[PDB]
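Quick setup: one chain, the form deposited in one PDB entry, written in structure tokens, and binding and motion questions come after.
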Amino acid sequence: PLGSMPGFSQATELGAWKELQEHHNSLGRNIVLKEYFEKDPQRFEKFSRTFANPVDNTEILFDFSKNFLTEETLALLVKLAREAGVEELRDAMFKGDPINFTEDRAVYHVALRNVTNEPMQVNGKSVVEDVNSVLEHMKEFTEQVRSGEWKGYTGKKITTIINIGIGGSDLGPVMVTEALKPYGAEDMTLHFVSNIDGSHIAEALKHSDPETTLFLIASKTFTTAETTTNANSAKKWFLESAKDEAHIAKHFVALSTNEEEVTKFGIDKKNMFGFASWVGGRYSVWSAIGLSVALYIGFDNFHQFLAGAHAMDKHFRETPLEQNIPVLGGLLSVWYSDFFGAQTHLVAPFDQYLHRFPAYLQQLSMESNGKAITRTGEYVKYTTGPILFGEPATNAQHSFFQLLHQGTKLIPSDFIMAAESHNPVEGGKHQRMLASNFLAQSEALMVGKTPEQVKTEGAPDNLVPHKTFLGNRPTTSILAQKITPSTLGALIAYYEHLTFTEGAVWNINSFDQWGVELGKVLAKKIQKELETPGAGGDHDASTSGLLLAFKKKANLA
């Protein structure tokens, strides 16, 4: 049950951290990328890494060489990882130890994709059979729905899937079905309802037929406020057509473990797909929460998605730190965040199907590492998780890359592309152009354009500063073969273990989220006040004034 004291308290107390500060002061802050490339023709070989995807038998190239790194920098960052016990915490997580120390819970999303059925246990009880049982249930169900064997209450094939859930019950399913759309069933329409704002469920239902719509109600407790309200509104709409509550069981399933609330809702207990307490929402697309993915692309493709993550898990678990890809990604984030003062982290996929990949990573990263209390209960003496943001390129280029190239912020940036398109329009011309931007953007950010080059091209002398690009703006480039299910699984797992590495160095809990509870408590209180004539004055003057303005504009007593 109880375990050891943490290995350290504050990251700033580790000797390697102090060495990194001295390294920054003397050298790191003076790194000029184009000078290092001029002087070291082997720089790309030194700081690139290749990951083999054994599922689709391809390779993903991770190029870190346009980052603020020397061989000495890398040595010190790996030293910091060792002093912070990154490998020990990682091994604890894979053993099923309760490394989520504020909730006394294991952290076992890695067990969800344990496709080789390696021994995995929590509390000295294997989890493998239970994980596999749910997956088999998911397989059977998706086969039934996709084949048309599962029929609506009037005997029709299901053609609309409507997922209802918040946060991690929504963002993964959205992003993965969008990313893997070429694998999706041609006759299937998916809606993802998540906001409590009634516009969301309304637009989803407006263009759906109760006779051919299947609802997935995603909530471990089946008492999540927003999801319960959306789920109830969906049921009301359904019954307005189906009338008999017995038909619910053909049109609603539950991604949940609260069998009492599920059956009370009207769902047959045989149609709950459970996921464990040690599955965090932002780490849950691999679990029953992925059922909408398996419905859309088929179970075999979902399993390949799992297996790609598993190949990345193996890389993370077995690779020495110097060559360990997610570990280097995490250490770079610490380096930029805590020694260069970068408050943000850009991720830009040169891939339109991945348009919701940055929003997914934003929850993974910021909800994990937006923390300030160490394992020892102290307030951190250094900044933790960045604001993670992005849009797909080339759209992002035409929106905000102006600031990336000529603004006054250091913005560590990850660019991601597949070498092959699922839609090679016009003899590959679109894809060659996409590729040219992927390659040129990192080049441009690194080399810039000197005032001398600018003037050489004929610029008015007094516009030269406006057209100068300082360069020396770092990037990481990730080149996959093709975005298949397994390659996507490996890419997500990269960012999961990057996020793990950050939190291990910072000595924070990447796996709780106590920071969401105050808003929920205060919202429920205010909701009762909105429902209560004359109430709403027990707040600060701003909240009271807004609440009153709202009551007046919305016609509430």
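Note that residue numbering follows the sequence shown and begins at 1. Superpose the two forms; the largest set of C-alphas matching within 1.5 Å is the rigid core.
Q: Looking only at CA atoms, which has the higher mean B factor in the entry: 535-543 or 13-21?
A: Looking at the recorded C-alpha B-factors, 13-21 comes out higher on average.
Q: Per the entry, where is the mean C-alpha temperature factor higher: 175-183 or 430-438?
A: Between 175-183 and 430-438, it is 175-183.
Q: Between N472, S241, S333, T394, which one tops the list for Cα B-factor in this entry?
A: Of the options given, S241 has the highest CA B-factor in the PDB entry.
Q: When you compare the CA B-factors of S365, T159, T102, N324 as listed in the entry, which one comes out on top?
A: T159 has the highest C-alpha B-factor of those listed.
Q: Which third of the chain does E529 land in by C-alpha B-factor: lowest, middle or highest?
A: Answer is middle: the recorded C-alpha B-factor places it there.
Q: Comparing against every modelled residue in the chain, figure out the third that the C-alpha B-factor of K66 lands in (lowest, middle or highest).
A: For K66, the deposited C-alpha B-factor lands in the lowest third.
Q: Quick check for you: using the entry's CA B-factors within this chain, is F389 in the lowest, middle or highest third?
A: Lowest third.
Q: Split the chain's modelled residues into thirds by Cα B-factor; is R282 in the lowest, middle or highest one?
A: Its C-alpha B-factor belongs to the middle third of this chain's values.
Q: Can you work out whether the C-alpha temperature factor of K125 puts it in the lowest, middle or highest third of the chain?
A: Within its chain, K125 is a highest-third residue by C-alpha B-factor, going by the deposited values.
The same protein also has a form deposited in another entry, omitted here; what follows describes it.
Q: Considering only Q121, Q481, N258, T319, which residue exhibits a C-alpha shift of no less than 2 Å between this form and the one not shown, with the rigid core used for superposition?
A: Meeting the 2 Å or more criterion is only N258.
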